[PDB]
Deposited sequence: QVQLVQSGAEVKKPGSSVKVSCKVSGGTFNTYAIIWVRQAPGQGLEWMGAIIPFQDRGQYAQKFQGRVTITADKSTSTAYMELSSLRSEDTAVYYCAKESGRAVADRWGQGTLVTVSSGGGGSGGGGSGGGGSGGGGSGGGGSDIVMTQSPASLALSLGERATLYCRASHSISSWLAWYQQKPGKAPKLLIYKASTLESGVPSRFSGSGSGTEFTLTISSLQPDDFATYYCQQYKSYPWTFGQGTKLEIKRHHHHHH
């Protein structure tokens, strides 16, 4: 199967530049988007940009104001993210991910920990922020888009210190291996993910993501934990 392997954790001084590598093996390198997403400790997911390697030009979130350079070496099937002018707030796990012809990021690197040490955008609103529930109960998660995204909405599950796992894409399509107690619904601006009956493996943080248009945008997440 497809494997994304990223370069190791790094400690960087303020003002330095870091260049993270993402080696792709299995499937096809040149014609599929390689995507960069970061997560500051205890915070949400933030899309940084993407490259389709044959194009020899990445696309970037305006937020990063040219601090981000995304490149690919087609001869080694390796993608790169460089972030310059590093500061405290850039301390994060940097994820590379790829699409596999279904538009969504469905294959993920392990992430690269980087510790820094001495306008038209679609807003996704996720609720509730937290859910504490017991085994066998029903969990519902809501995600509103600020503009129509048709059915271009994905749901990810994330366990502590692990890459996001795709559960649902095109609003209602289960990823291979996802159990039937998961279902997604909605179109336009209002979306829901439902877990009919909670199992121990279901406790996690969940994120919706629109992939209608760049920049890709995430809800702030729902932390679904066991009732005390």
Could you list the ranges of the deposited sequence that have no C-alpha atoms in the model? 119-141, 252-257
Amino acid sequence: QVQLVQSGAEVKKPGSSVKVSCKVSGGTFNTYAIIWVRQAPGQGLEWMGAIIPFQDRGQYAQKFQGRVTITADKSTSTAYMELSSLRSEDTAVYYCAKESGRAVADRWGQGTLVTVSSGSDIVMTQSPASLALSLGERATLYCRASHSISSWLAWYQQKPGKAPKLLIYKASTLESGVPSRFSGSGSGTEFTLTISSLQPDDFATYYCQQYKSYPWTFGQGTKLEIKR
From here on, numbers count along this sequence of modelled residues.
Check the entry's C-alpha temperature factors for 159-167 and 57-65, then say which stretch has the higher mean. 57-65
Mean C-alpha B factor from the entry: is it higher for 95-103 or for 123-131? 123-131
In terms of its chain's C-alpha B-factors, the third that includes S84 is the middle
Sorting by Cα B-factor within the chain, modelled residues only, which third would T78 end up in: lowest, middle or highest? middle
Modelled-residue ranking by C-alpha temperature factor, third containing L224: middle
Check where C143 lands among this chain's C-alpha B-factors and tell me if it's the lowest, middle or highest third. highest
Consider only the C-alpha atoms of the modelled residues in this chain, order them by B-factor as the entry records it, and name the third containing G184: lowest, middle or highest. lowest
